[PDB]
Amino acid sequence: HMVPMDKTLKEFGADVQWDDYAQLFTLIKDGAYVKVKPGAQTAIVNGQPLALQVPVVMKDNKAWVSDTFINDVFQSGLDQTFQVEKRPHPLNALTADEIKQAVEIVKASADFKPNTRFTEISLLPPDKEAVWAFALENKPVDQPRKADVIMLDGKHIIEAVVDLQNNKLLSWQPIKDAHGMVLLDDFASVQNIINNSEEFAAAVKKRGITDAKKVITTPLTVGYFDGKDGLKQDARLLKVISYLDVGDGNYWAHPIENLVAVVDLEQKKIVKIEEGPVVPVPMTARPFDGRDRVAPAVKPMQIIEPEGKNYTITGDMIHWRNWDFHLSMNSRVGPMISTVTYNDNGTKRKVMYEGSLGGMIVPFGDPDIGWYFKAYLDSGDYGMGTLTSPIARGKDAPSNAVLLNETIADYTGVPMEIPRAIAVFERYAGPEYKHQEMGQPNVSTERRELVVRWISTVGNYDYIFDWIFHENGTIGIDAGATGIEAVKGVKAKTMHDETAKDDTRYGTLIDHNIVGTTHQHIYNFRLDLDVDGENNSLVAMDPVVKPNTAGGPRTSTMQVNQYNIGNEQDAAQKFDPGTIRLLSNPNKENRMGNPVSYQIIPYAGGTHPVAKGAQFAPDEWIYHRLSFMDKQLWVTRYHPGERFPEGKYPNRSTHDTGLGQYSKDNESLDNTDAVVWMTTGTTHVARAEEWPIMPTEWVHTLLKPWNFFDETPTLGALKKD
């Protein structure tokens, strides 16, 4: 017996194209590009013939395939994109079995508590030196696989370490005063609590809302105000902002302004309700899913690689041209790019040991009750890896992408597979280089970039991160922001209304009675670059205009002020895009005797106004707790336990436990293992073009080899000598 081809292929996730003239089907799915003609005894997979016992059957215009067709074709072996890893990479994320094992161990602990949740369950970082030895020398890591198990018992944090190899608990340590991030059940809890609140229902009624069942809540961390917000620093709290569900699939467009409820998660009740002036809920329908729009006609455009990809995916190891790297997933920061090497004519040179999003923050600048405390620490407080948004094939990534699935642990300790978690794709990126000498044959080569894309959605905003590997050694890091804007309900319909001026003091009026409150998007990337070795130094090269002292008509010259940045404190700074900042290896030089290096560019451009630092006065608490938001470049000594710019437990934190803390002892950065942290952000002043849904806005960062190589890296293999 057989099954309908289209339906089955679609279910499976493959693109199906029928060519009536050629009587040919073209099926695409990740690295598999297949061609099959009805009735043929063979199909083509990535240019190779594949025998089929049962041919594709065409009936009354309906195609049918056998029940084994998907597996026979798509798992044939002719698609070489993915290869089986023989020797497990030490950095492979915990498998589902390991996750379950780690949970069983802690639950077997005499101290374990029954309502305990898991904020994070991740592989405990094997020693960096052994990992590199494995990647470069293939030496086995003899230290046991261990996992960090961070638990939330009520409101108390407990860090546990388990030895998976020996199936035993190594440590169990309660972390005093730390608050746990927001967990999935916290969201349902807040909605329920609000739903059972008599007072809230009453507060809501006297604001126009009739059916309180139509109120949609969103949970926000409260931050820290040394008590000015009147909140017990000891309790596990969350503030709640509400919207009215009008049935347009966009509750974000119907704010119930000036109503904030504070919920105590352990007490499971509203401990405080802050009420302000009553502002009529913006009611007009403002769907963003196209239900009310005409579907435009567009001609097909496809990016195809008929013979397969140029990259190979062995286990989680990616090999592409001269690059080699390990790609894993973390529930808090998302994707982790490790042991990145560049194959320089046979010799694999180290570039980056570990790279990933450090952390990010989206702080608002409106002082009103529903906004003064708004500051989202997306990864830290909400867990971006966990909130990964599966890639919409052909839309969120090009049609020639390969989408990977990633596994992490949910808050209850149960393995969770995120489908299409990360997209991998090669893309044409203009001419790599070109030279059309007058009267001579032209010289041009195409540039190819390997992109690693991951999307995470937290409430109303969607963030896209691209790790771009250029064939020439450069590495790009871009962040895109899109989603639905956080708006403030206001009385003005237009800028001509009486309250307009006051309503727009902290944001643009982007719709009737709707203001897009100004805020910033501040991303921070933690890049443990190991420029051709562990021991590096930070060097500054500031292009300057110097008085000409060589004679001739010129009064000035362009020279450079080169100097080393010897410590963390001095390395923590603002980035002038007019200057050059290098992470060099003072122990290795290129053919011209120049130290092998990488130029760090925390600011390579963006489509929204650039954030020059935090848009907060120096006396603000958010400013105090989070110092990473005010400097674009930071450089610290390597420490396996320092991975977040905002600190490990940022929820309700009273002091900088992040980059402020990591650079506090102002250690030496001379010829030692350095870790670069790039902070880049935008200052978002809204406009109507961004409502009801915002067009993706991007920011770019770059890491370029500087004298790391001896010549143009993409010239090709030397034909002589």
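One rule holds for the numbers: they count along the sequence shown, beginning at 1.
A summary of the deposited B-factors shows that, of 240-248 and 168-176, the stretch with the larger mean C-alpha value is 168-176. Higher mean CA temperature factor, per the PDB entry, when comparing 185-193 with 462-470: 185-193.
As recorded in the PDB entry, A110 shows the highest C-alpha B-factor of the residues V531, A110, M360, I318.
Out of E646, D229, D576, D366, the entry records its largest CA B-factor for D229. Annotation for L9: CA B-factor lies in the highest third of the chain's modelled residues. In the deposited entry, the Cα temperature factor of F373 sits in the bottom third of values across the chain's modelled residues. When the CA B factors of the chain's modelled residues are split into thirds, the value for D30 lands in the lowest one. The PDB entry assigns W64 a C-alpha temperature factor belonging to the highest third of its chain's modelled residues. Placement of the Cα temperature factor of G39 within the chain: highest third of the modelled residues, per the deposited record.
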